[PDB]
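In this chain, numbering begins with 1 at the start of the sequence shown. These values consider heavy atoms only, across backbone and side chains, with no hydrogens, waters or symmetry-generated copies.
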Amino acid sequence: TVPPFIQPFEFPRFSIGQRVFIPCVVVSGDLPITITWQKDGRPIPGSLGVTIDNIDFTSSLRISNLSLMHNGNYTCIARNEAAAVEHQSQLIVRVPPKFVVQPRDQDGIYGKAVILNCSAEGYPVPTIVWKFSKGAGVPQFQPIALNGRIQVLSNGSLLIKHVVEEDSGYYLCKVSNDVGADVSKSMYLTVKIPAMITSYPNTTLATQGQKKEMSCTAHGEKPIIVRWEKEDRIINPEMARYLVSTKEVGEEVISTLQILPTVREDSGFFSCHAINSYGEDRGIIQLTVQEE
Ligand SMILES: *[C@@H]1O[C@H](CO)[C@@H](O[C@@H]2O[C@H](CO)[C@H](O)[C@H](O[C@]3(C(=O)O)C[C@H](O)[C@@H](NC(C)=O)[C@H]([C@H](O)[C@H](O)CO)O3)[C@H]2O)[C@H](O)[C@H]1NC(C)=O
Ligand SMILES: *[C@@H]1O[C@H](CO)[C@@H](O[C@@H]2O[C@H](CO)[C@H](O)[C@H](O)[C@H]2O)[C@H](O)[C@H]1NC(C)=O
Ligand SMILES: *[C@@H]1O[C@H](CO)[C@@H](O[C@@H]2O[C@H](CO)[C@H](O)[C@H](O)[C@H]2O)[C@H](O)[C@H]1NC(C)=O
Ligand SMILES: *[C@@H]1O[C@H](CO)[C@@H](O)[C@H](O)[C@H]1NC(C)=O
Ligand SMILES: [Ca+2]
């Protein structure tokens, strides 16, 4: 005879981690009345930690610790012998964009890919914006030039496809959604330089009986070793008329092979080889020796 009627309910605005109790109250209708709940048109999964209290003409959702997994549309269904009725509401809980875990200092290797990590929490999923202060001075943060080589990824991590020395510096990460904004602490990106031979004469001429010096300039992370070779034999110190010497000029190493005196047989290909933990390189110098 008298059908059930549910007292209209609407979920208030909630904060993450609060306690929630929401009753479905069947204020009229002949007994007995069966009251059940759905979430998003399905039974509430036991995984969700929602308690259901069925007390006479009521059924209540009880949640000890509100989390993002509780977001969704909840339906109360009240059925007796005469009729079944439904009432529904949307549970919305929003999370302010929070930096709980900051970005870490990282090493990038010149010429290779680096990802700068920046997961912040927030719902709605926050929009992520990166800033950059070139080099290790007092930071002055500027927008970043996105141009294929530098991209922001879906998870909000910064991709540098081919690191150059100019990428070395402070990076930070700003997050906003409707609820708020946050600005990460900066991290420092160090660009590691594989050993490079940057400069040498391609071909050079000596005179029999005279001193000849040939130099190579190397760059890269220290320690860096420069060795010389003549037609795949290593020029060892014990070699009588050859002297290898090194000097530091700024961040560069200048290696000099001195021959004293030069003989006709010194002519041919010399190589200077630089190695550090990150890489190696070589230069080739053709020596010709003219007559006295
Ligand atoms: C005579 O020797 C010179 C060196 O004294 C040779 O020059 C080299 O020529 C190369 C191609 O022919 C490259 O152009 C190289 O220049 C760069 C490069 O490889 O692009 C410039 C880059 O900016 C530099 N990268 C840095 C500094 O980070 C890169 C780097 O130093 C390499 O590791 C060098 O080993 O060099 C240029 O130096 C001439 O080709 C040679 N000529 C002849 C006739 O033999
Ligand atoms: C829960 O109910 C919402 C409506 O009250 C629903 O949101 C609407 O869905 C529309 C697409 O069908 C569009 O997204 C509108 O912008 C939005 O208001 C929401 O999608 C439902 N949530 C579920 C099923 O999880
Ligand atoms: C953010 O997004 C990146 C997804 O591309 C992820 O990194 C990748 O991991 C891949 C695994 O093989 C491979 O290493 C790619 O080179 C690298 O791009 C990155 O770790 C994600 N960040 C977090 C915090 O999860
Ligand atoms: C970046 O995130 C990935 C994926 O979880 C992680 O494994 C990697 O080592 C991170 N790098 C950091 C935090 O320096
Ligand atoms: Ca329905």
Inset, instruction - Would you please say whether a donor-acceptor pair under 3.5 Å links the side chains of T256 and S215? - result: yes
Legend entry - Ion pair check, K112 and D107, cut-off under 4.0 Å: no
Got a list of side-chain donor-acceptor pairs under 3.5 Å for residues 27-40, not counting sequence neighbours?
{"from": "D30", "atom 1": "OD2", "to": "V2", "atom 2": "N", "distance (Å)": "2.6"}
{"from": "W37", "atom 1": "NE1", "to": "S59", "atom 2": "OG", "distance (Å)": "3.1"}
{"from": "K39", "atom 1": "NZ", "to": "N71", "atom 2": "O", "distance (Å)": "2.7"}
{"from": "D40", "atom 1": "OD1", "to": "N73", "atom 2": "N", "distance (Å)": "2.8"}

Inset, instruction - Could you tell me whether the side chains of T204 and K212 share a donor-acceptor contact shorter than 3.5 Å? - result: yes
Legend entry - Nearest heavy-atom neighbours spanning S168 and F132: O-CZ, 3.7 Å
Inset, instruction - Taking atom CD of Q18 as the centre, report whether more than 12 heavy atoms of other residues, nucleotides or ligands fall under 6.0 Å from it. - result: yes
Inset, instruction - Answer yes or no: does atom CD of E165 have more than 12 heavy-atom neighbours from other residues, nucleotides or ligands under 6.0 Å? - result: no
Inset, instruction - Taking atom types as modelled, find out whether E213 and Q258 have a side-chain donor-acceptor pair closer than 3.5 angstrom. - result: yes
Inset, instruction - Mind running ring-ring contact (aromatic ring centres under 6.0 Å, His included) on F141 and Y171 for me, showing each step along the way? - result: CA-CA 8 Å; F141 287 103; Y171 293 77; 8.7 Å; no
Legend entry - Flag if over 12 foreign heavy atoms under 6.0 Å of NZ, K247: no
Legend entry - Same cluster (ILVMFWY, side-chain, under 4.5 Å), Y278 and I197: no
Legend entry - Spacing of CZ belonging to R13 relative to CZ belonging to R94, to within rounding of 0.5 Å: 5.0 Å
Inset, instruction - Might you point out which heavy atoms bring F99 and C118 nearest each other, and give the distance in Å? - result: CE2-SG, 3.4 Å
Legend entry - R227 bridged to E229 by N-O distance under 4.0 Å: yes
Inset, instruction - Could you give me the CA-CA distance, side-chain angles and deciding distance for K230 and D266, then say whether salt bridge (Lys or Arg N to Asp or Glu O under 4.0 Å) is met? - result: CA-CA 8 Å; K230 172 49 183 334; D266 291 325; 5.4 Å; no
Legend entry - Rounded distance (nearest 0.5 Å) linking atom CD1 of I55 with atom CD1 of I52: 12.0 Å
Legend entry - Exceeds 12 heavy-atom contacts within 6.0 angstrom, atom CD of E86: no
Inset, instruction - Quick one: pull up OG1 in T75 and CD1 in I6 and give me the separation to the nearest 0.5 Å. - result: 9.0 Å
Inset, instruction - Could I get the full list of side-chain contact (heavy atoms from CB on, under 4.5 Å) partners for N236, not counting sequence neighbours? - result: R233, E238, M239
Legend entry - hydrophobic_cluster_shared for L172 and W130, side chain cutoff 4.5 Å: no
Inset, instruction - Decide if the gap between the ring center of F11 and the ring center of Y74 is smaller than 6.0 angstrom. - result: yes
Legend entry - Heavy-atom pair with the smallest gap, counting every atom of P139 and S133: CA-OG, 3.1 Å
Inset, instruction - Examine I225 and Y200 and state if one hydrophobic cluster contains both, with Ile, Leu, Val, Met, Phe, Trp and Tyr joined whenever side-chain heavy atoms are less than 4.5 Å apart. - result: no
Inset, instruction - Dump the intermediate steps for side chain to side chain contact (heavy atoms under 4.5 Å, CB included) on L243 and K211, then the final yes or no. - result: CA-CA 11 Å; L243 172 70; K211 170 197 309 191; over 6 Å; no
Legend entry - Criterion salt bridge (charged side-chain N to carboxylate O under 4.0 Å, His left out) against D167, the qualifying member of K134, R149, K192, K161: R149
Inset, instruction - Work out which heavy atom in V114 is nearest to a heavy atom in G108; give both atom names and the distance. - result: CG1-CA, 3.4 Å
Inset, instruction - Assess the side chains of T217 and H219: does a donor N or O sit below 3.5 Å from an acceptor N or O? - result: no
Legend entry - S255 and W228: side chain donor to acceptor below 3.5 Å: yes
Legend entry - Whether over 12 other heavy atoms sit under 6.0 Å from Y123 OH: no
Legend entry - Within 6.0 angstrom of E166 CD, more than 12 heavy atoms from elsewhere: yes
Inset, instruction - Would you tell me whether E10 and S89 have side-chain atoms, one donor and one acceptor, within less than 3.5 Å of each other? - result: yes
Legend entry - Approximate separation, where rounding is to 0.5 Å, of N155 CG and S119 OG: 7.0 Å
Inset, instruction - Answer yes if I285 and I254 sit in the same cluster of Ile, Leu, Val, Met, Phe, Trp and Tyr residues linked by side chain heavy atoms under 4.5 Å apart, and no otherwise. - result: no
Legend entry - Pairs involving residues 59-84, ordered by first then second residue, that meet salt bridge (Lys or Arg N to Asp or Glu O under 4.0 Å) (sequence neighbours left out): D53-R62
Inset, instruction - Step through the shown structure and confirm whether more than 12 heavy atoms of other residues, nucleotides or ligands are within 6.0 Å of CZ on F57. - result: no
Legend entry - Nearest non-hydrogen partners of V93 and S67, listed with the distance: CG1-O, 3.8 Å
Legend entry - More than 12 heavy atoms from other groups under 6.0 Å of CD on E292: no
Inset, instruction - Over all heavy atoms of both residues, which pair between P194 and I109 is shortest? Give the atoms and the distance, please. - result: CG-CG2, 4.1 Å
